[PDB]
Each structure stands twice: as C-alpha cells, then as structure tokens.
Amino acid sequence: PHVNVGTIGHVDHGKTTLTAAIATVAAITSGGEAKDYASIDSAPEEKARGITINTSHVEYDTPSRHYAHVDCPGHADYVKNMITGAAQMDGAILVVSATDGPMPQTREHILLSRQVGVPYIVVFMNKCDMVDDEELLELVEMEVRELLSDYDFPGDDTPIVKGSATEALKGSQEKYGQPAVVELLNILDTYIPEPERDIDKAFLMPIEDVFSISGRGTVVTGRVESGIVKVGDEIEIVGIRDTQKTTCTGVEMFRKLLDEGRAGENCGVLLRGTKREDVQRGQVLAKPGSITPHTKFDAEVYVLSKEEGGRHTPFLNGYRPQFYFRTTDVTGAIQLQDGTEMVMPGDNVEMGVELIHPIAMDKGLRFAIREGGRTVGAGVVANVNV
Amino acid sequence: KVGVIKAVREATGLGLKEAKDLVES
Ligand SMILES: Nc1nc2c(ncn2[C@@H]2O[C@H](COP(=O)(O)OP(=O)(O)O)[C@@H](O)[C@H]2O)c(=O)[nH]1
Ligand SMILES: [Mg+2]
C-alpha cells in the first residue's frame with residue numbers, strides 16, 4: 001500500500017533533520033536510503049497551476065506499506081503545499097523541539113492541518129539530546145496535548161514519541177536515537193489507518209462534455225475521480241441546476257463499451273431520459289445522496305503573494321472573484337469575518353464564500369481563485385452551509 | 001507554576017526552558 005506523510009512544526013525545530021532520520025533508519029533492510037541532509041534541504045521549486053512551492057518529496061517503504069514523505073523549507077511553502085494539495089497527507093508528524101515547543105508556527109500549523117483536513121497527527125519531539133531534564137519535557141508534552149485538543153484533534157490519546165534526529169543520523173542506539181525513530185515508524189505503521197482508495201470512495205465524476213447519440217440517449221464525458229459506474233447504477237446530477245435523477249445505461253470509451261467506469265480514467269457514460277440541454281459542464285455525477293450542492297461555504301484560503309504571480313492588491317470583504325471547481329468557474333463573493341477587513345497578500349485565513357449558483361461540494365474539496373486568468377489565491381472547503 | 005511559566009513566556013518571547021528557569025530562579 002501507499003501512504004502520504006509529512007513533518008510539520010516550527011522552523012529550526014528539525015523537520016528536515018528528522019525526515020533524513022526516518023530515511024536513514026528505514027534504510028535498514030534497504031526499505032529506504034541513507035539520505036543526506038543537504039539534498040533534502042535543497043527542495044526543488046515547481047510552479048504548478050500558477051502556484052510555486054518548495055517541496056522535498058522523500059520516499060521510503062516499510063514491511064507494512066510504502067510512504068510518501070513531504071518536507072518544506074518554510075512556513076509559506078508548508079501553507080502552499082497543504083492548501084494546493086500537491087499530495088494530501090493523511091498523517092502528519094508534528095515535530096516539536098524539546099525546548100520552546102509551542103511556537104506560533106506550530107500554533108498555525110496545527111490549525112492549518114485541521115482546516116485542510118488532515119485526519120491524524122502523530123507527535124514526535126526532538127532536541128531531547130539538548131535537554132537534560134524530565135519535568136519540562138512533561139510540561140511540553142502537556143502543552144502539545146492541550147494544543148491538539150484545542151483544535152478537535154485527540155491529544156489525550158495522541159501517540160507522543162521522544163528522540164533526537166541528530167543521534168538517529170549518528171547511529172547511536174541510545175533510546176533518543178534509532179530506538180526513537182523505530183517506534184515512530186511503528187506508530188506510523190499502526191496508528192495511521194490505510195487510506196481509502198479512489199475506486200473505493202463513493203462514485204463521483206465531474207461532467208466535462210455533453211453529447212447525444214441517436215438511439216442511446218445523453219452521453220456526458222469526464223474523468224471519474226472516485227468509485228465505479230456500471231450499467232444499471234442509479235446516479236444523480238448535482239451542480240448548477242437542481243438535482244436531477246437518472247440511470248446509467250452504458251459506459252463507453254472510444255466508441256466501444258466498457259464493463260464499468262473506474263476512478264482515474266476518462267470514460268464516458270450514458271444517461272437514461274435526460275436531454276442534451278438538461279445537463280451541462282460543471283455539474284457532477286454522483287451516487288444519490290453522496291454529495292449536495294451549496295452556495296455558502298467557509299474555506300481556508302491562501303492569498304498568493306506577488307512572488308508566485310499572485311496579485312498586487314489585498315483581498316477585502318465584498319471582493320467577488322471567480323472560483324474554479326474541477327470543471328467550471330463560478331463567481332463567488334468573499335465574505336470575511338469580524339475584525340478581518342484587510343487580508344494581506346501572502347497570508348492565509350478562513351473566509352465565507354457565496355457563489356452565484358450552487359456547486360456540488362463537500363468538506364475537503366479544493367479550488368482556485370482567479371481573475372482574468374491570473375491565480376490570486378488557492379483554497380480548500382472547510383464547511384458547507386445552506 | 002505552569003500558568004506562571006506560560007505568562008512569562010508570552011510576556012518575554014523566550015523559550016519554554018528559559019521561561020521555566022527564570023520562573024524557578
Ligand atoms: N542536536 C540536535 N540538533 C538538531 C536536531 N534536529 C535538528 N537539529 C539541528 O537544527 C537545524 C535545523 O533543523 P531543520 O531540520 O533544518 O529544520 P527545518 O529546516 O525547519 O526543517 C539542523 O541543521 C540541525 O543541525 C536534533 O534532534 N538534535
Ligand atoms: Mg527545513
């Protein structure tokens with residue numbers, strides 16, 4: 001199996017050093033590779049979807065499953081990676097320095113994980129080799145537990161493991177080194193449940209092109225991004241218009257029928273009864289009741305600074321840009337909260353959005369904010385309202 | 001003790017260990 005993980009926390013707390021530590025320790029039994037610190041600290045920059053991110057993509061595997069490990073060399077890089085969702089992390093290794101643990105970077109990182117929808121956080125504290133005492137370590141543990149509880153995370157039942165990344169790289173068998181990274185791997189292999197597959201999720205398929213075939217009905221094309229669609233499956237059309245019922249009467253690709261339409265492939269699907277003008281690009285096909293349309297929602301929005309292309313001017317309440325949801329752009333009006341009138345570029349906060357017409361969304365969906373074709377920010381849905 | 005240490009840390013912007021050392025001193 002495959003799982004995506006990453007180290008979050010305050011700068012200088014040893015996230016990169018710890019990532020190298022797991023790399024080298026997983027290199028035992030050749031599962032990983034002895035990884036140099038500098039190579040991973042030199043994260044390449046990719047300007048994907050008009051957004052530039054420094055991310056170091058570390059990879060390694062265990063007898064349990066393979067891990068995709070994510071590291072960023074700065075707070076802006078971490079925020080961009082979470083919100084643009086280059087690789088959704090279903091598990092986060094909160095790196096806490098044994099001294100000065102709960103810094104504001106960790107403060108905002110935990111909240112960002114909560115908003116973007118990271119389901120599980122595993123706490124690891126490093127720099128224990130610089131700390132000779134025990135009761136301040138316990139105080140730091142209590143602080144991080146309380147902070148996790150403060151943002152809907154378990155906290156009390158959150159596994160906390162203690163060690164030192166420098167000792168792990170050195171090779172010392174002292175409990176704060178290799179043994180520490182070894183348990184940390186154990187919690188990674190046990191506490192983190194196996195993530196759901198795309199083909200195992202509920203069926204969903206955004207509609208990109210609407211056809212019609214004589215004798216067959218209405219054909220809508222698009223890449224199925226979850227579940228499976230088969231002839232005889234009851235499906236519903238959700239999006240711009242009000243939800244309509246239909247039934248699958250055929251799945252075809254290149255004018256040839258398929259046994260079923262699986263997630264990840266650009267299959268076309270036939271609809272029963274629906275007309276060529278009763279459905280349009282932007283709507284999605286979903287299992288009945290799996291998703292619902294909404295115009296008002298609250299999202300974690302990162303405003304691109306001018307350095308990423310971005311935008312010269314700040315966001316403000318009443319700004320109404322275009323919002324892009326997987327196949328379509330829709331005008332939404334930015335609605336800030338009390339005490340947020342000005343929203344500086346390069347920052348990230350939670351805003352409410354009111355779309356001009358409903359879009360099939362649910363918590364965790366990601367979208368781009370643009371005007372004139374220039375990306376001015378990225379976002380992720382954190383709550384939907386009616 | 002924990003509350004005093006937290007207040008001192010918030011007031012002086014120092015680390016947890018430094019704040020605790022100042023509080024216990
Ligand atoms: N003694 C000790 N030093 C560490 C440890 N982890 C990190 N460091 C030092 O702290 C520096 C910064 O940590 P780093 O991994 O670069 O943090 P990041 O850049 O925010 O991901 C590194 O250059 C290490 O030398 C540790 O567990 N023990
Ligand atoms: Mg780093």
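Chain letters run A, B, ... following the sequence lines, proteins first and then strands; every chain starts at 1. Counting starts at 1 for both ligands and their atoms, in listed order.
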Numbered atoms of ligand 1 (with element) below 4.0 Å of A/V11, judged on heavy atoms: 20 (O)
Student check: side-chain heavy atoms of A/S97 and A/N126 closer than 4.5 Å: yes
Per-atom contacts, ligand 1 versus A/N126 - under 4.0 Å to a heavy atom: 6 (N), 27 (O)
Sub-3.5 Å N/O-N/O distance, A/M130 and ligand 1: no
Considering all heavy atoms, the nearest A/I121-A/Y191 contact: O-CE2, 4.0 Å
Modelled atom types, side-chain donor and acceptor of A/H294 and A/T292, under 3.5 Å: yes
Close N or O approach (A/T16, ligand 1; < 3.5 Å): yes
For A/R262 against A/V224, the heavy-atom pair lying closest together: O-CB, 3.4 Å
ring-ring contact (aromatic ring centres under 6.0 Å, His included) partners of A/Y78, counting only residues at least two apart: A/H109
Minimum non-hydrogen distance to atom 27 (O) of ligand 1, winning option of A/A165, A/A180, A/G74: A/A165
Modelled atom types, side-chain donor and acceptor of A/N348 and A/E300, under 3.5 Å: yes
Ligand-side contact atoms (ligand 1) for residue partner A/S164, heavy atom cut-off under 4.0 Å: 26 (C), 27 (O), 28 (N)
More than 12 heavy atoms of other groups within 6.0 Å of A/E33 CD: no
A/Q105 side chain to A/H13 side chain, donor-acceptor N/O pair below 3.5 angstrom: no
Location of contacts on A/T17 toward ligand 1, heavy atoms closer than 4.0 Å: both
Ligand 1 atoms in contact with A/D129 (distance to a heavy atom under 4.0 Å): 1 (N), 2 (C), 26 (C), 28 (N)
Residue pair A/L304 / A/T375: nearest heavy atoms and the distance that separates them: CD1-O, 3.5 Å
Exercise: identify the closest heavy-atom pair between A/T331 and A/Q322: OG1-OE1, 2.7 Å
N or O contact, A/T166 vs ligand 1, cut-off under 3.5 Å: yes
Atoms of the protein (N/O/S only) found under 2.8 Å from the Mg ion (ligand 2): A/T16 OG1
